[PDB]
Structures are given as structure tokens and as C-alpha cells.
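Only one chain comes next, encoded as C-alpha cells, the form deposited in one PDB entry.
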């Protein structure tokens, strides 16, 4: 759901289009349970913004993809319950690591490719690599 007709000025970090949208579980350092968050990906520019599902207005933050990296995790996942299933690490330009969680086993992959597609950018930008 991304559409607007004569609303408000157009930011810069959002001077692009959406490729994929959904809720993801962003981990933390403290490692105290996960927290559902609406992770929105936008290519050109290549950035990942995540807002609050409860409501909120602005994005809690953003993840630079100017030269981020995508990778899969181990995620044992075996037995029952499955504390955490379908995860993946996404390294940024700062080397920052983030472990997200996809609902379906297809989303986990899609997301990756999703981020990759954006991160892939089309060259010509702020430094880039």
C-alpha cells in the first residue's frame, strides 16, 4: 500500500519505490525476545526502513544498502515450538549485523533477494562501494 496524491513534500531517503513490504522480527544486542516491526524496503535509493506496527508515524530508523550484504544464518530449528525460525543476517556498510525473521520459508528468501535487488542499485550514487 504505497500511493499518495498531493500530500506532503517528498523526502530524499524515500526518493524511490517500494519492492517489498511486511513485518519482520529485528533482533537486538541485549537479546531479549524479538519485536515485530514493519520492515519496508525501497530501492533507488537502496534503504530499509522499519516502522512500528502498533502505529507510529515515522520510521524507527533505516538501514543503508548503498553497499550492504545479504547472507543466511544457521537457525538450527529442530524439535517443536521453534523459538526462532527462518532467519538471516544482513550486513550493512557499517558492518552492522541484523538478524530478521520471516513468517514463511519463502519470505525469508524473497526478502534476501529483495534487499539484494535494492542493494544492487543501479550504480551512480553517493560514493557507492
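Residue numbers count along the first chain shown, from 1.
What comes next is about the form deposited with a small molecule bound, which is not displayed.
Residue in contact with the small molecule in the bound PDB entry (any heavy atom within 4.5 Å), chosen from 93, 60, 103, 70: 60. Proximity of residue 50 to the small molecule in the bound PDB entry: non-hydrogen atoms within 4.5 Å are present.
Within 4.5 Å of some heavy atom of the small molecule in the bound PDB entry lies at least one heavy atom of residue 37.
Using a 4.5 Å cutoff between non-hydrogen atoms, residue 98 counts as a contact of the small molecule in the bound PDB entry. Interface residue remark: residue 64 is not counted as part of the site for the small molecule in the bound PDB entry, having no heavy atom within 4.5 Å.
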